[PDB]
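Protein chains in written order, with the authors' numbering: chain LL, 13 to 129; chain Lj, 14 to 87; chain Lh, 5 to 125; chain LG, 52 to 121, 128 to 253; chain CJ, 2 to 85; chain CR, 3 to 60; chain LN, 2 to 71, 91 to 203.
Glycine included, C-beta positions come from ideal geometry on N, C-alpha and C.
In what follows, a single structure is set out as structure tokens and then discussed.
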Amino acid sequence: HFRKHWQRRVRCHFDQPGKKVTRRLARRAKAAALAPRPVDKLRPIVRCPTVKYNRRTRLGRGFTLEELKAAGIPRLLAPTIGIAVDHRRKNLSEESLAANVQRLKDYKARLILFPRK
Amino acid sequence: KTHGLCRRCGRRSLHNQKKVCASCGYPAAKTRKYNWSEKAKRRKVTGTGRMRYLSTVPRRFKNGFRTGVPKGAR
Amino acid sequence: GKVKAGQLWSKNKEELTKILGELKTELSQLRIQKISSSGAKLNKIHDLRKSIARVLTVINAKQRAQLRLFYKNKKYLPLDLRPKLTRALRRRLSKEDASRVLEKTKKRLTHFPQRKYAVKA
Amino acid sequence: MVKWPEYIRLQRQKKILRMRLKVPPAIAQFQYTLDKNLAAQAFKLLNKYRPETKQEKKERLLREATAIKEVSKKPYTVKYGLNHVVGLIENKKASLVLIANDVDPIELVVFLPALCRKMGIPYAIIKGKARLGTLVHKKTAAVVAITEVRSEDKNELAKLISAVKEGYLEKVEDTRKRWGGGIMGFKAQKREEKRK
Amino acid sequence: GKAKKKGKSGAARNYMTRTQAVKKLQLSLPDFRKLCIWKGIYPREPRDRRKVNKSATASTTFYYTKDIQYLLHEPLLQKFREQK
Amino acid sequence: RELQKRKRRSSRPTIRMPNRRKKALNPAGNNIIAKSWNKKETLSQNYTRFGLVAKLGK
Amino acid sequence: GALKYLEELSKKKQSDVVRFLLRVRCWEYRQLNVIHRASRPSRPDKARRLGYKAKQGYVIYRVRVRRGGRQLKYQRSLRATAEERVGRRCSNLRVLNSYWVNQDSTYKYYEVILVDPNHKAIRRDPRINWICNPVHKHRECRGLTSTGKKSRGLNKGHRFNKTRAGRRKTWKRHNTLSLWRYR
RNA sequence: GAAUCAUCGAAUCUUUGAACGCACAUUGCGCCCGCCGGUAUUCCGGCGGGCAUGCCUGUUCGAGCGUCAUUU
RNA sequence: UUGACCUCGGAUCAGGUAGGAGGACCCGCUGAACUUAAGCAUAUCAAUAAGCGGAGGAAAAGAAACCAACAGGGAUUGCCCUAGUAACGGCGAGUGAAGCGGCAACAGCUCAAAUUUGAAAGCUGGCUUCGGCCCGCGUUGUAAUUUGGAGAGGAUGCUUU
Ligand SMILES: [Zn+2]
Numbered sequence: 013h014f015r016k017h018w019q020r021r022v023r024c025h026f027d028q029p030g031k032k033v034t035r036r037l038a039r040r041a042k043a044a045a046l047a048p049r050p051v052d053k054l055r056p057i058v059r060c061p062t063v064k065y066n067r068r069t070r071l072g073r074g075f076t077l078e079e080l081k082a083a084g085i086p087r088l089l090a091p092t093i094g095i096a097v098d099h100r101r102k103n104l105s106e107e108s109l110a111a112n113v114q115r116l117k118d119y120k121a122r123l124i125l126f127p128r129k
Numbered sequence: 014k015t016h017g018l019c020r021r022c023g024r025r026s027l028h029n030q031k032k033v034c035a036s037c038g039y040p041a042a043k044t045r046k047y048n049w050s051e052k053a054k055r056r057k058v059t060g061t062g063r064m065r066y067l068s069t070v071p072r073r074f075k076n077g078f079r080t081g082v083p084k085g086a087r
Numbered sequence: 005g006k007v008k009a010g011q012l013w014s015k016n017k018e019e020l021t022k023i024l025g026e027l028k029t030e031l032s033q034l035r036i037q038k039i040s041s042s043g044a045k046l047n048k049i050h051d052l053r054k055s056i057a058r059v060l061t062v063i064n065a066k067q068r069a070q071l072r073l074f075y076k077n078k079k080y081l082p083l084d085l086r087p088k089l090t091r092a093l094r095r096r097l098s099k100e101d102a103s104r105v106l107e108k109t110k111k112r113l114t115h116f117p118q119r120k121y122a123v124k125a
Numbered sequence: 052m053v054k055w056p057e058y059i060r061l062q063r064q065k066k067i068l069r070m071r072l073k074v075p076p077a078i079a080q081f082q083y084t085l086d087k088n089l090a091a092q093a094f095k096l097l098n099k100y101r102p103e104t105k106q107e108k109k110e111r112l113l114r115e116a117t118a119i120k121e128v129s130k131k132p133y134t135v136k137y138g139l140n141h142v143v144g145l146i147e148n149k150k151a152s153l154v155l156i157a158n159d160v161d162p163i164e165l166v167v168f169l170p171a172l173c174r175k176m177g178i179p180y181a182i183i184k185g186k187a188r189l190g191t192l193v194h195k196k197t198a199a200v201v202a203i204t205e206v207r208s209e210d211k212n213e214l215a216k217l218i219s220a221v222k223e224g225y226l227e228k229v230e231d232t233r234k235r236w237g238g239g240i241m242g243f244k245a246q247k248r249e250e251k252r253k
Numbered sequence: 002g003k004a005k006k007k008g009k010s011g012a013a014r015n016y017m018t019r020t021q022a023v024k025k026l027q028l029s030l031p032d033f034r035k036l037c038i039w040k041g042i043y044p045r046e047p048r049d050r051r052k053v054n055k056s057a058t059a060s061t062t063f064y065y066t067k068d069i070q071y072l073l074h075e076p077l078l079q080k081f082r083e084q085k
Numbered sequence: 003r004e005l006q007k008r009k010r011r012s013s014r015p016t017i018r019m020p021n022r023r024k025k026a027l028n029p030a031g032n033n034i035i036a037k038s039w040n041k042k043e044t045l046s047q048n049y050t051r052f053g054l055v056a057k058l059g060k
Numbered sequence: 002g003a004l005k006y007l008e009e010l011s012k013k014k015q016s017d018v019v020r021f022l023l024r025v026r027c028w029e030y031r032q033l034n035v036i037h038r039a040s041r042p043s044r045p046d047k048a049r050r051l052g053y054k055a056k057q058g059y060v061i062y063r064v065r066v067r068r069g070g071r091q092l093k094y095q096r097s098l099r100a101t102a103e104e105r106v107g108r109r110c111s112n113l114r115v116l117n118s119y120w121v122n123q124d125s126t127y128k129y130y131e132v133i134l135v136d137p138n139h140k141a142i143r144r145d146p147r148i149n150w151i152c153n154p155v156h157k158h159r160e161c162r163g164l165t166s167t168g169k170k171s172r173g174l175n176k177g178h179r180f181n182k183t184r185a186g187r188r189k190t191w192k193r194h195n196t197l198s199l200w201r202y203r
């Protein structure tokens, strides 16, 4: 497929170790500001969509508003304690709800919360 | 004597009958600059003159565009 | 020949104007008699030129400081007294303007702020 | 002969066009305002219920502040603002509605006579949005309304409500539906006869 | 060798007429008269009224340049605009 | 290019920019994490010694 | 709620009351200048919906644009040509948005909302101080208004595959030869 | 407190140039305000601050039988 | 005769702003031909080069009128494969994506449509001892509340500054 000017639009990747150390220093600087805090946020267990990937789960975007309520975690406090919220996703089944509520109670057991000021 | 002295670029390329410089186009507000000749651009880019003001900007940014005096200066 | 800048900051404006008076006049008579036998007069002429430049800098410095003391309460400063920065730094939003937020977003951030926490292993 | 300025001619030609072109009944009902006597009696009542200006409101708040250092009923004012007034007439809180005839975008008041007539509030159409702004202490007021008055003049409003109804409302009743136009002059008639 | 006009150079620069002073001050005639009473401005007499203005009459009154400039910079003139 | 050739010929100093970064690489203060933070270690062995969790993802 | 009534009336724009108003306004706008100014919007409900407020720093301008082809068709919309002509006139202001106000057989008439980034009411208000930033210089020239976002195909779906991030950026991505180290 | 030293936060910054009172190929030609010198309130020369266009906010001035009120 | 309100103008009035440079990267407009098919015109080259307009340290895009048919997923962007697949074509030369999946990074929000109506509560100026005075903008709508996987209003009792 060398029909166009391939020479003027060729990208080389000699900075692949250079981008790697820059990426690690970004994670390093993120935990410098958020020192006791983790570097990421809680994501729910989500089932992959198509019939090819029905039998494998993955990490989704955020928790359902019903999933926060069943676990006893308030919705306007959840982003402040490191839990991602997604209002677009719905449960549609008790198995998706029960798996993610159990995940939120496990996060609740492992959590150390500090009192304001 | 088709061309005369140009005020802006200083070359003897100002057409006498048309009053338009063939190198920069003096009556036009924009300096003439075409992309089909890279060589003519390196003859007139920033850096080919004396840098009476642009050369002192980098030192002021190094210190955060500081204003004032040193403490206890006379 | 050379006037140190140390004593110039002490004296007032009217006494500086006399030194500025004698400095160019001594320079002018020197320059007339320098065109013949330009030897150590030429070193002295250079000392005169630096001394003239030094008192002019000191005269100017106390002038705008007095102007800046006048304009310490008024809103609009003159153009020459304003700081330079860059063009874009001057048209940039002010620190109070860029930082202020809506009331509905202040009420949210007051009662639900970013808490600090840790997760056990 | 002499040449008029461009904006002078444009605003004068807007006169002739408004009186020549025949106007749909939504806009044509604004050409029928009320009389001199009903305007003065309406504004006699309305001046009694003027809002408080910025000076005597600041002094009135200064009253209660210095007394708190060392008990009021409901204020009754003329109501103004389009979305405030049409909200009041949609909720049947308004007693009388007075509409200006010269709102420069006419669409902002062109639904008002029908909305007041559907809801049951009697309305009137007066000359001068500047005259209504005088009542309001603004420059211009597109509409004003009266909701509730004190018991001193409950009778005066009732007589004005009737006088607007039998003096203005049952006189323009046929002209609400009918189109405008028909003010052709001698020059327009001779030109139309030449064209035909 | 420069050509200089007799109309623009001479007593015309020094003395100015009352009408020209009123137009320069951009004030009404009673306003200009009242400011003359307070500030003590005086019409005076030029040496040659024809040299001041070729089209001039003895009934017309002139004025000096400097006191007119004082009336231009008068704070009362600023106060007149504020009072109006 | 014509810029850089002018600086070599000029008797003007090359303005040396110090190595300043936007974001600090280490925590600071008088808190528990800042006192026990090791500069030479990385994030994972620092949070190992603290007893905490850095990443909540897979 | 006067603007809900205006919204329904603007929908019905071939009807008798509005077509009368659109006829008499087009005659007036024709004999005014091309790029003249409006003290108040002719459609206050559309100006309000698009971001106009009755605040110092908001101005309205009316533009007439010639209609027709360029059988070559000018890919720029007539609204985009209208917005570019205000910005070249009011070079100190920022083009917020624009809307249709009138039509003819020779011209189309648009009303353009402009925001002054150098007023103090604008810089104080955090709902409009975003336009004070230097990234938003001449939004109408870069296709950053509602007309420009339409003509650039900035929607999501299988239907807008080539233009959902910029066609020139997508064409650069799809024509780039990516060579890695350990190939 | 030397230096063809370094730093650099205060100044100075001729003619042009987007180039901005008009012209420009002349160190020329005008207006408003102020100062200085040489016979000097009148003459001459020099100096200082100003005088471009489009647009926005305010200020002020003006026009329009556009248009309202005005016998209590 | 007086005084509005509306519109249009003047001012060497006060306060500001735009032009030009750069253009490696970015956003738009406009737009070739050589070449290939052992000739050549569809095509290709190429939605490229040249030309015009416009920004920043990044730009742009972006919180679904989305993808999906699943036990569903869930703003945008970039890498890996998908894949030289689907799809289109003097079906020759050729052209040529995307969803899914693995990663990198992740963050959400502001309005308009409501009557504050028991009180335009909002804002620009310029005058100040600066502590607070007027002028104007504005009801043809400036604050507060609210933005549809919402919300408001009453009641209710805890929890927050
Ligand atoms: Zn030239």
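In the DSSP secondary-structure assignment, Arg70(LL) is bridged to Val58(LL). Classified as buried, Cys152(LN) has 16 or more neighbouring CB atoms from the shown chains inside 10 Å of its CB. With its beta carbon at least 9 angstroms from every one in chain LL, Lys110(Lh) lies outside the interface.
Taking a Cβ-Cβ cut-off of 9 angstroms, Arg20(Lj) has no neighbours in chain CR, whose nearest Cβ is about 23 angstroms from it. Relative to ligand 1, the nearest heavy atom lies less than 8 angstroms away from the CB of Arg20(Lj). Around the beta-carbon of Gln6(CR), fewer than 16 other beta-carbon atoms lie within 10 Å, marking it exposed. Shown here for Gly239(LG): same chain residues with a beta carbon closer than 8 angstroms to its own, the five before and five after excluded, namely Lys73 in chain order.
A Cβ-Cβ contact shorter than 9 angstroms links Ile203(LG) with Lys136(LG). Rounded to the nearest whole angstrom, the C-alpha separation of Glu250(LG) and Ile178(LG) is 47 angstroms. Counting along the chain, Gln123(LN) sits inside no alpha helix (DSSP H); it lies in the beta strand (DSSP E) bounded by residues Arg114 to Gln123. One alpha carbon belongs to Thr34(LL), the other to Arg23(CR), and they sit about 12 angstroms apart. At a cut-off of 9 angstroms between beta carbons, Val58(Lj) makes no contact with chain Lh. Take the alpha-carbon of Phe180(LN) and the one of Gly168(LN): they are about 15 angstroms apart.
Around the Cβ of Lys64(LL), a 10 Å sphere holds fewer than 16 other Cβ atoms; the residue is exposed. When secondary structure is reduced to three states using DSSP, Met17(CJ) falls in the strand class. Cβ-Cβ distances below 7 angstroms link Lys186(LG) to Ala157, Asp159, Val160, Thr197, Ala198 and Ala199 in the same chain, with the five nearest sequence neighbours on each side left out; the list follows chain order.
Taking 7 angstroms as the Cβ-Cβ cut-off, the segment 72-104 of chain LL approaches chain Lh at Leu88, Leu89, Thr92, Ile93 and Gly94, given in chain order. Here the distance from the Cβ of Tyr39(Lj) to the nearest heavy atom of ligand 1 is below 8 angstroms. With its beta carbon at least 9 angstroms from every one in chain Lj, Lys38(Lh) lies outside the interface. Taking 8 angstroms as the upper bound on Cβ-Cβ separation, chain Lh lies near residues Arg143, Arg144, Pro146, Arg147, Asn149, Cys152, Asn153 and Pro154 of the segment 143-157 of chain LN. Out of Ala220(LG), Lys234(LG) and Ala171(LG), the CA that lies nearest to the CA of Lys87(LG) is found in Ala220(LG). For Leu199(LN), the enclosing beta strand (DSSP E) starts and ends at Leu197 to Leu199.
A distance below 9 angstroms separates the beta carbons of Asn140(LG) and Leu4(LN).
Residues of chain LN with a Cβ closer than 9 angstroms to the Cβ of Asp51(Lh) do not exist; the shortest Cβ-Cβ separation is about 50 angstroms.
At least one C-beta of chain LL is nearer than 9 angstroms to the C-beta of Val123(Lh).
For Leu58(CR), the closest Cβ of chain Lj is not nearer than 9 angstroms. Under the three-pair Cβ rule at 8 angstroms, the segment 62-77 of chain LL counts as touching the segment 85-99 of chain LL. Taking non-hydrogen atoms of ligand 1 into account, the C-beta of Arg24(Lj) is found less than 8 angstroms away from one of them.
Residue state for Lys128(LN) is assigned as strand, using DSSP reduced to three classes. Residues of chain CR with a Cβ closer than 7 angstroms to the Cβ of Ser68(Lj) are, in chain order, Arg14. By the 16-neighbour rule on beta-carbons within 10 angstroms, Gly2(CJ) is exposed. Residue state for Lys14(Lj) is assigned as coil, using DSSP reduced to three classes. Spatial neighbours of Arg41(LN) in its own chain (CB-CB distance under 8 angstroms, excluding positions within 5 residues in sequence) are listed in chain order as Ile61.
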